[PDB]
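Q: Quick one: the structure is below, questions incoming.
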Amino acid sequence: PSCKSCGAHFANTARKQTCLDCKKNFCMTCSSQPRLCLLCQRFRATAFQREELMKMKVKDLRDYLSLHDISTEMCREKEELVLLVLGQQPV
Ligand SMILES: [Zn+2]
Ligand SMILES: [Zn+2]
């Protein structure tokens with residue numbers, strides 16, 4: 001077991017933080033506040049508004065989708081990444 005973000009291990013595996021959104025494990029320093037990792041927290045803040053998502057860095061959109069186990073290998077334009085983020089939004 002290691003942190004999905006920084007790759008580090010835990011001094012006590014029982015203290016690893018599981019993100020409620022992507023469900024991966026993270027450091028306390030790699031998560032915040034509904035315990036969420038920093039990226040999932042950042043995306044929730046956008047309220048999943050297309051315009052706000054479009055302003056996000058390509059790497060963040062790609063990484064966020066990867067954390068949610070969604071492939072972006074067939075995407076050629078940034079808008080496709082945004083559409084995938086919108087598609088997996090919880091309702
Ligand atoms: Zn997460
Ligand atoms: Zn970490």
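Identifiers for the structure tokens are assigned positionally: chains receive A, B, ... in sequence, residues are indexed from 1 per chain, and ligands are indexed from 1 in the order shown.
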Any residue with an atom at most 8 Å from ligand 2 counts, using only C-alpha atoms and all ligand atoms. Which are they? Put them as a ChimeraX atom specification.

A: /A:2-9,26-31

Q: If you take only C-alpha atoms and all ligand atoms and a cut-off of 6 Å, which residues of chain A touch ligand 1, and what are their nearest atom pairs and distances in Å to one decimal, in chain and number order, as JSON lines?

A:
```
{"residue": "A:19", "atom": "CA", "partner": "ligand 1", "partner_atom_place_in_ligand_line": "1 (Zn)", "distance": 4.7}
{"residue": "A:21", "atom": "CA", "partner": "ligand 1", "partner_atom_place_in_ligand_line": "1 (Zn)", "distance": 5.0}
{"residue": "A:22", "atom": "CA", "partner": "ligand 1", "partner_atom_place_in_ligand_line": "1 (Zn)", "distance": 4.1}
{"residue": "A:36", "atom": "CA", "partner": "ligand 1", "partner_atom_place_in_ligand_line": "1 (Zn)", "distance": 5.5}
{"residue": "A:37", "atom": "CA", "partner": "ligand 1", "partner_atom_place_in_ligand_line": "1 (Zn)", "distance": 4.3}
{"residue": "A:40", "atom": "CA", "partner": "ligand 1", "partner_atom_place_in_ligand_line": "1 (Zn)", "distance": 4.4}
```

Q: Name all residues at most 8 Å from segment 71-86 of chain A (count only C-alpha atoms; drop same-chain ones fewer than 2 positions away) and give them as a PyMOL selection string.

A: chain A and resi 48+50+53-54+58+61-62+65-66+69+88-89

Q: Give me, please, the distance in Å between atom CA of residue 52 of chain A and atom CA of residue 25 of chain A, quoted to one decimal.

A: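 We find that atom CA of residue 52 of chain A and atom CA of residue 25 of chain A lie 26.3 Å from each other.
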
Q: If you measure from atom CA of residue 18 of chain A to atom CA of residue 41 of chain A, what distance in Å do you get, rounded to one decimal?

A: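 Between atom CA of residue 18 of chain A and atom CA of residue 41 of chain A the gap works out to 12.7 Å.
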
Q: Tell me, which residues of chain A carry DSSP strand (DSSP E or B), written as a ChimeraX atom specification?

A: /A:17-18,25-26,31-32,36-37

Q: Would you save the residues of that selection, restricted to N, CA, C and O atoms, as an mmCIF file, in the first residue's frame?

A:
```cif
data_model
loop_
_atom_site.group_PDB
_atom_site.id
_atom_site.type_symbol
_atom_site.label_atom_id
_atom_site.label_comp_id
_atom_site.auth_asym_id
_atom_site.auth_seq_id
_atom_site.Cartn_x
_atom_site.Cartn_y
_atom_site.Cartn_z
ATOM 1 N N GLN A 17 -5.227 7.482 3.901
ATOM 2 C CA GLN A 17 -6.502 8.147 3.659
ATOM 3 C C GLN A 17 -7.099 7.695 2.336
ATOM 4 O O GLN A 17 -6.453 7.795 1.298
ATOM 5 N N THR A 18 -8.333 7.206 2.378
ATOM 6 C CA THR A 18 -9.006 6.754 1.163
ATOM 7 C C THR A 18 -9.906 7.871 0.653
ATOM 8 O O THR A 18 -10.739 8.389 1.396
ATOM 9 N N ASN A 25 -5.849 5.341 -2.315
ATOM 10 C CA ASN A 25 -5.241 5.700 -1.027
ATOM 11 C C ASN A 25 -4.224 6.832 -1.151
ATOM 12 O O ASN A 25 -3.452 6.867 -2.103
ATOM 13 N N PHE A 26 -4.218 7.742 -0.172
ATOM 14 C CA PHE A 26 -3.324 8.902 -0.190
ATOM 15 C C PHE A 26 -2.774 9.293 1.172
ATOM 16 O O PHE A 26 -3.308 8.899 2.205
ATOM 17 N N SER A 31 -4.212 14.851 0.675
ATOM 18 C CA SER A 31 -5.672 14.864 0.716
ATOM 19 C C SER A 31 -6.110 16.046 1.573
ATOM 20 O O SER A 31 -5.273 16.697 2.200
ATOM 21 N N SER A 32 -7.406 16.338 1.608
ATOM 22 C CA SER A 32 -7.863 17.481 2.389
ATOM 23 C C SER A 32 -9.281 17.411 2.936
ATOM 24 O O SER A 32 -10.039 16.483 2.648
ATOM 25 N N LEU A 36 -11.113 13.799 0.743
ATOM 26 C CA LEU A 36 -10.853 13.724 -0.694
ATOM 27 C C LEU A 36 -9.382 13.976 -1.019
ATOM 28 O O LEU A 36 -8.687 14.670 -0.278
ATOM 29 N N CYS A 37 -8.897 13.406 -2.119
ATOM 30 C CA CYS A 37 -7.516 13.661 -2.494
ATOM 31 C C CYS A 37 -7.531 15.078 -3.068
ATOM 32 O O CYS A 37 -8.600 15.621 -3.351
#
```

Q: Quick one: distance from atom CA of residue 87 of chain A to atom CA of residue 70 of chain A in Å, one decimal?

A: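 For atom CA of residue 87 of chain A relative to atom CA of residue 70 of chain A, the distance reads 10.5 Å.
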